[PDB]
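Below are the chains, spelled out letter by letter.
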2 protein chains.
Amino acid sequence: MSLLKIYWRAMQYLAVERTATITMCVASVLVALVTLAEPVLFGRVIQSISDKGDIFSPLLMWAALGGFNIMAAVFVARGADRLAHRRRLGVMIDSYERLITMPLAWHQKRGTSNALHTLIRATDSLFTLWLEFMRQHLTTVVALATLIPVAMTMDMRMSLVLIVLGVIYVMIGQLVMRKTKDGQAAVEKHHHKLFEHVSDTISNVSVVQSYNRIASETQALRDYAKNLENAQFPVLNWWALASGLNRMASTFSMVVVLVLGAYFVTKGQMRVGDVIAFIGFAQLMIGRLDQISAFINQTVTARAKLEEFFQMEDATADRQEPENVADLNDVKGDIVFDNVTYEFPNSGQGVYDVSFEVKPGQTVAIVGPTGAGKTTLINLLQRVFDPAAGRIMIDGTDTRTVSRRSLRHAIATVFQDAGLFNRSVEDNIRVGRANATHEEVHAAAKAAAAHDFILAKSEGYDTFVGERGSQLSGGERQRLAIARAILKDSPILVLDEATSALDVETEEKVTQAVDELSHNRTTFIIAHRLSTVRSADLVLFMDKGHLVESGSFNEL
Amino acid sequence: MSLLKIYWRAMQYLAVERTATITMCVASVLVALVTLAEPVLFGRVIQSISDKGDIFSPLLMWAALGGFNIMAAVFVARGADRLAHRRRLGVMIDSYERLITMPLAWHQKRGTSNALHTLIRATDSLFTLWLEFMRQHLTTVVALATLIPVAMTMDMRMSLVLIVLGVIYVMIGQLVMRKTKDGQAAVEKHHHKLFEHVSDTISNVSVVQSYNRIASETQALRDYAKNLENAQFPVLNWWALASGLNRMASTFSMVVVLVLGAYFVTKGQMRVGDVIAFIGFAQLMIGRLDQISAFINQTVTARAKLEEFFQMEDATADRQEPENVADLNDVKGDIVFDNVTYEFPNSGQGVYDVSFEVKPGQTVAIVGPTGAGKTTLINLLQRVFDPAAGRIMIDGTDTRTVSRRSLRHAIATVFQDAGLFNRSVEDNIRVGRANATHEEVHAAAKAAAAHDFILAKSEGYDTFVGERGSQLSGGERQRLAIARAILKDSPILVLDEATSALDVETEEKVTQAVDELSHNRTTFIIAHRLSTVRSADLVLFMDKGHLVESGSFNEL
Ligand SMILES: Nc1ncnc2c1ncn2[C@@H]1O[C@H](COP(=O)(O)OP(=O)(O)O)[C@@H](O)[C@H]1O
Ligand SMILES: Nc1ncnc2c1ncn2[C@@H]1O[C@H](COP(=O)(O)OP(=O)(O)O)[C@@H](O)[C@H]1O
Ligand code: VO4
Ligand code: VO4
């Protein structure tokens, strides 16, 4: 049973706030004892024969106990509520950090939309788990644990009945658990299929709309829903049977305790009222012993998502060394490849047996057939994945002996797909040099021909853009990416298709500025348009992961 | 109070399944009456003086009533559980349909990731609302409604006390409601800000990682979380105060009922036991009257998301006319523009005063400066938004008098950003002609040079691709999009930057096949590379939403 594992992990995640956790535990123990003490007082006061309640009597003890009860209820309802939200925010922040720090392959293979779903439906489940646990469960657990001795002290037969009730509850839970586990695995798989289909279609609404396949897609979703609820029903059937069994056990226990109280007619003590006290005990227990069962149901679902949330956390194998790592500094520019080879997981293709050198001050232009291993070479330079066999040598330092923070600080890149945030243009250019100035932002925009179109439209620089920069067409996105890269001003520069959506005039106007600014550094340009590489100092072309010439600018 | 509105809307959404809803209501009424009848039996049987329970006695009535109670509990726990999931799936399917059918501007301005979040957190809230409502609330509402007459019949003073309890609960709920509403609006706004930031960053992990700003982004998220929980606390404070007040009212009502039962010592009837019966009443009520209050808390949050889910549903203003619309058929190809103008909402730019004509059998190539209103013209042709002033004329038919299904069936397009589904390549090509054959799929792949690279890699055609086609670089995505468009074979063809990521050789090899296949139809090509428009029959260029020449292929 992973219930113990996930509960202990939730406790470990909750143990950071000691100062409040111990207080919550103490208050829970106190309120459990109050809820245990109330029924005994009720049995003592329910005599109603010659009690004379309105003068002192156990009714004053009632008043004091109820006042303490309401005060403790207020304290718990405030403290647990205030703790749960703060701790959920903390867990979300730490998990978001660990999620961002993960490499790109893990994101591409799984994430984009599934990762955020995992985050949200794990943190919300953990929050509800913490809140319900604290209040109801941390009352009831210690409440029953302290109750069973008191039940043993007077009228041990009733304590035996209560023990039988507890054993029956445990047995029925365990019996239901196997079938529910078997069903819930398939249920979770089917739900994942349904959600991934929904996300895939919604994220690509333009294509599904522009091809008249809305009806087909909704029919596919209906089929997925039918598949999901086809295997869903047995789980609900078994849970309902469990509810029936525990309710029947509760009814039988009530019958037993009433009959035993009646049979004690021979032992005519004051228990004429105290029996009612025991009744409350059972009542109390039964009510609480129901609240856990449905609770268990919740976690039997939650497990699924929680498991992923832990499989991510245990996957914190990223370690750039605490201090043994030597952050590379004072970059001059010297790129050397040593027999670099890469095989994609469960696939072919990838660069094979490449070795070339780059001297400082000169630019390198990779051309050739499409899909021939250019983007993979470029992102091998930035080390988004470690080459399987071979070395990448930077100015007398191996790349695998360099901190990630230092390596990517000296490499400024424009990707093939210019990614953008939906913030303002000012912020989208500020993600270069962090806090240089506004004048340099203006200059960088001017250099990449980004100032001309933006100085006279839509509230100036403080202009919002839509998701993935959907409000600036395609070419303007390329201009903003180029301006950002130029503003970062790193010794190593990369431009993967910098002129994918620019006409000839803007292409020339941008490339001349890029050359003027980058002549002091080393840059790579990946393009099929040979016009932009007229100033290239090392022109090379590679076909299907294999070099051909790797010669100078002018060669045949 | 929108509580009545949203509850009535949930009921209307639940009224489709009449055959099961009426059964659930009947069972709820029955179990409410059973829960009302039990305490009276308890008061009658708790005498324990000369009852002689083990021979007949009210204990047999206990046994029968408890058996009916457990049977009804099983029936409700099965029926409500089976109903809720099926109805949630139905609501999700219908809302997904309405979401897909909405226009592109609404998606771009808001959706991609927020729309799916709205869907999921609205449907899950509705599901939990339905389940909790049915079981607990549709028991307790009619239970109390039928209880208050019985309380009035015997010992009207206790009924008065119960009425006072109910009035106090209503008053404290209403008092808490104003402050909770004021807080929850700001809380929801802040949560939306936090989630949009998280989604924006996660969806763009490559850029945030490649610029060493993970620390800055997590600090921004921490600041957002601090802002969210800064205004969160007063809501929890007020809710805890409400819990304290209702618990105090419950305790006072218990004191009142016990004291009144004691004062009835003068009226020495059998009520010596029946008073205990009333106690259970109060007990019952109090417990149930607590379950609603926290329930209300839930919906006070849920409202926010639910409101959006209704604002979407009420926004079903899309109507292509049921039958008055005339689906355009037998397309020959004749595109005419009539003074078409467009102003973007709260922005400048857009095509101004355009009018041109297209004859069948000839192709039209739009060139010119970047960001000059080309993509907007093309998507005006497909009518993703209605021109503000002007007409689009297709073969003697106005476009606004044409069904959307018929119009986009005759126009096959490759977008500037070639969108792809993460299904196999076979499925990504099957979204053209729906069920033509496999041989024509192979031929279409061969024509667009997509067969050569794929015949010998990664399990053939049945090759999965990642999210947004991340597993095929960029150029292969363009080839797949071109192959899809060619396979659809529509009389009107559009190619927005069909050679954005192809070298010269593949560009020629693809454009010759495209020309050979499309010479029988009319096509538009939007490109800054003049090589692909060597066969263009109508070359025109437009600058900042204004035409210049609109001449033939050869002009100066
Ligand atoms: N995540 C991946 N999984 C499998 N194959 C991949 C993946 N990424 C790239 N490839 C393969 O690597 C080849 C080259 O990719 P890439 O370098 O991105 O394109 P280009 O060669 O045009 O720069 C492609 O043919 C593609 O099939
Ligand atoms: N959703 C939008 N909101 C505001 N402005 C837009 C939007 N979409 C496009 N524009 C403006 O319209 C102009 C032309 O856009 P578009 O036609 O997509 O590019 P192109 O002219 O290169 O085809 C751009 O300069 C852009 O500023
Ligand atoms: O629609 V473009 O920005 O490729 O001219
Ligand atoms: O598919 V490419 O990386 O040659 O633009």
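### As for the site of ligand 1
- A:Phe344, A:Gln349, A:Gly371, A:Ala372, A:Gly373, A:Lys374, A:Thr375, A:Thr376, B:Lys457, B:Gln471 and B:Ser473 make up every residue found near ligand 1.
- At ligand 1, the nearby residues belong to more than one chain, namely chains A and B.
- At 2.9 Å, a backbone N or O of A:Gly371 approaches an oxygen atom of ligand 1.
- Contacts to ligand 1 include A:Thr375, whose backbone N or O atom sits 2.5 Å from an oxygen atom.
- In terms of residue class, the shell around ligand 1 is built from 2 nonpolar, 7 polar and 2 charged.

### Notes on the packing of helix α8 (residues 214-230) of chain A against helix α3 (residues 57-100) of chain B
- Between α8(A) and α3(B), the least distance of the axes is 11 Å, while the angle of their chain directions is 160°. Judged on the interaxial angle alone, α3(B) and α8(A) are roughly antiparallel. Handedness of the α8(A)/α3(B) crossing: right-handed. Contacts between α8(A) and α3(B) pair A:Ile214, A:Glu217, A:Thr218, A:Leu221, A:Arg222, A:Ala225, A:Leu228 and A:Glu229 from the former with B:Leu89, B:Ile93, B:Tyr96, B:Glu97 and B:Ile100 from the latter.

### Describing the relation of the copies chain A and chain B
- The two copies are related by a screw operation: chain A maps onto chain B through 180° of rotation and 0.0 Å of translation along the axis, at an RMSD of 0.0 Å. Look at the turn and shift together and you get a two-fold axis relating the two. By C-alpha distance to the rotation axis, the residue of chain A lying nearest is A:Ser500, at 2.9 Å.
- Comparing interface residues between copies, 100% of those in chain A also sit at the interface in chain B, which points to an isologous, same-surface contact.

### Some details on the interface of chain A and chain B
- Contacts between the two partners involve 111 residues from chain A, matched on the other side by 111 residues from chain B.
- Taken as a group, A:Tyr96, A:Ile202 and A:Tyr211 account for 7% of the area that chain A buries against chain B, more than any other trio of residues on that side.
- Where chain A touches chain B, the interface holds 2 salt bridges.
- A:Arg423 is paired through a salt bridge with B:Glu217; the nearest N and O atoms lie 3.7 Å apart.
- In this assembly, chain A and chain B are joined by 22 residue pairs in polar contact.
- In terms of residue count, helix α3 (residues 57-100) of chain A provides more of the side of chain A that touches chain B than any other element does, 18 residues in total.
- Here the residues of the side of chain A that touches chain B sort into 43 nonpolar, 40 polar and 28 charged.

### Topic: the side chain of A:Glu313
All names here are of chain A.
- Note on placement: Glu-313 falls in helix α10 (residues 271-313).
- Its relative accessible area of 8% is what places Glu-313 among the buried residues.
- Every residue in contact with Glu-313, bar those within four places of it in the chain, is listed here: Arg-9, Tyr-13, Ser-95 and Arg-98.

### Comments concerning the domain arrangement of chain A
- Domain boundaries in chain A define domain 1 (2-314) and domain 2 (335-547).
- Here the C-alpha centroids of domain 1 of chain A and domain 2 of chain A sit 53 Å apart.

### Here we look at the nonpolar core
- Counting 106 residues, the largest nonpolar core has A:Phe309 and B:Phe309 as its most contacted members.
- If we skip the residues at most four places from it in the chain, A:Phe309 touches A:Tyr13, A:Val91, A:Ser95, A:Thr118, A:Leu119, A:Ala122 and A:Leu126.
- Listed in part, the 59 residues of the second largest apolar core include A:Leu147, B:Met254, B:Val275 and B:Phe278.

### Re the site of ligand 3
- Taken together, A:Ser473, A:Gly474, A:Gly475, A:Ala501, B:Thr370, B:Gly371, B:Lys374, B:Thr375, B:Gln416, B:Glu497 and B:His528 make up all the residues around ligand 3.
- Flanking ligand 3 are residues from chains A and B.
- At 3.5 Å from an oxygen atom of ligand 3 is found a side-chain nitrogen or oxygen belonging to A:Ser473.
- Take B:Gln416: an N or O atom from its side chain is 2.4 Å from an oxygen atom of ligand 3.
- The residue makeup of the shell around ligand 3, split by class, is 1 nonpolar, 8 polar and 2 charged.

### Here's the deal with the UniProt feature "transmembrane region" in chain A
All names here are of chain A.
- As annotated in UniProt, the feature "transmembrane region" corresponds to residues 22-42, 55-75, 156-176, 248-268 and 276-296 in the numbering used here.
- Helix makes up 90% of residues 55-75 and strand 0%, with an end-to-end C-alpha separation of 31 Å.
- With 76% helix and 0% strand, residues 248-268 has end C-alpha atoms that lie 30 Å from one another.

### Topic: unusual backbone geometry
Residues and elements named next belong to chain B.
- For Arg-383, which is not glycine, the phi torsion reads 60° and is therefore positive.
- Topologically, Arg-383 is positioned in the loop between α11 (375-381) and β4 (389-394).
- Taking relative accessible area as the criterion, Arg-383 reaches 12% and is therefore assigned buried.
- Although it is not a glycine, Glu-459 adopts a positive phi angle of roughly 60°.
- Summarising the element assignment, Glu-459 is placed in the loop between α15 (450-454) and α16 (475-488).
- Its relative accessible area of 68% is what places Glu-459 among the exposed residues.

### Overview of the sheet that holds strand β8 (residues 522-526) of chain B
All names here are of chain B.
- In spatial order, the strands read β6-β7-β8-β3-β9; together these 5 strands make up an open sheet with parallel pairing. Either end of the sheet is taken by a strand with one partner, and the two such strands are β6 (411-414) and β9 (538-541). Neighbour-to-neighbour, the strand axes of the sheet open up by a mean angle of 15°, direction not taken into account.
- Seen against the sheet, α16 touches β6 and β7 (492-496) and runs at an angle of roughly 175° to β6.

### With respect to the sheet that holds strand β5 (residues 397-398) of chain A
All names here are of chain A.
- With antiparallel pairing, the 4 strands of this open sheet are ordered in space as β2-β1-β4-β5. Two strands close off the open sheet at either side, each with one partner strand: β2 (357-358) and β5.
- Bridge analysis of strand β1 (residues 335-341) against β2 gives 2 bridges, and the strand direction is antiparallel. Pairing of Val-336 across the sheet is with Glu-357, part of β2.

### A closer look at the environment of B:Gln349
- With respect to the element layout, B:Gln349 can be found in the loop between β1 (335-341) and β2 (357-358).
- A C-alpha to C-alpha distance of 7.9 Å links B:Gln349 and B:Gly373, two positions 24 residues apart in sequence.
- Non-local contacts of B:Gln349, meaning those with residues more than four positions away in its chain, are made with A:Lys457, B:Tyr342, B:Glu343 and B:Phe344.

### Comments concerning the pairing of β7(B)
All names here are of chain B.
- Taken across its 5 residues, β7 has 5 buried, putting it largely inside the fold.
- Burial along β7 is two-sided: the face carrying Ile-492, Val-494 and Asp-496 and the face carrying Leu-493 and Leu-495 are both buried.
- Across 4 bridges, β6 lies against β7 in parallel orientation. Residue pairing for β7: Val-414 is matched across the bridge by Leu-495.
- Pairing between β7 and β8: 5 bridges, direction parallel.

### Focus: the packing of aromatic side chains
- Per the stated rule, a full pass over the model turns up 16 aromatic pairs over all chains.
- Measuring from centroid to centroid gives 6.3 Å for A:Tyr13 and A:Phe309, while their planes differ by 45°, and the two rings are tilted. Of this pair, A:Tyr13 sits in helix α1 (residues 2-14) while A:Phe309 sits in helix α10, and the two are 296 residues apart along the sequence. Across the pair, A:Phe309 and A:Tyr13 agree in class, each one buried.
- Here the aromatic cluster, defined as three or more aromatic residues joined through ring pairs, consists of A:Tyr13, A:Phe309 and A:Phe310.
- Residue placement shows B:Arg88 over the ring face of B:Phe127; its charged tip is 5.7 Å from the ring centre.

About the cut-offs
Residues numbered from 1 in each chain as written, not as in the entry; some residues may be left out. Chains lettered and ligands numbered in written order. Heavy atoms only, no water. Near = heavy atom within 4 Å. Polar contact = N/O pair within 3.5 Å; in protein donor to acceptor, adjacent residues only side chain to side chain. Nonpolar A, V, L, I, M, F, W, Y, C, P; charged D, E, K, R; others polar. Axes fitted to C-alpha atoms, helices over the stretch in contact; angles between N-to-C directions. Helix = DSSP H or I, 4+ residues; strand = E, 2+ residues; numbered from the N terminus. Parallel < 35°, antiparallel > 145°, perpendicular 65-115°, else oblique. Left-handed = near helix turned anticlockwise from the far one by under 90°. Contact = heavy atoms within 4.5 Å. Least-squares fit on C-alpha atoms. Buried area = accessible area lost by both parts, 1.4 Å probe. Salt bridge = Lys/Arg side-chain N within 4 Å of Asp/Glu carboxyl O. Buried < 20%, exposed > 50% of the residue type's maximum accessible area, 1.4 Å probe, protein only. Domains from an automatic or database assignment. Core = buried A, V, L, I, M, F, W, Y, C linked by side-chain atoms within 4.5 Å. UniProt positions renumbered as here; feature names shortened; annotations may be inferred. Pairing = 2+ DSSP bridges. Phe/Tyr/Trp six-rings, centres within 6.5 Å; stacked < 30°, edge-to-face > 60°. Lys NZ or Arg CZ within 6 Å of the ring centre and 35° of its normal.

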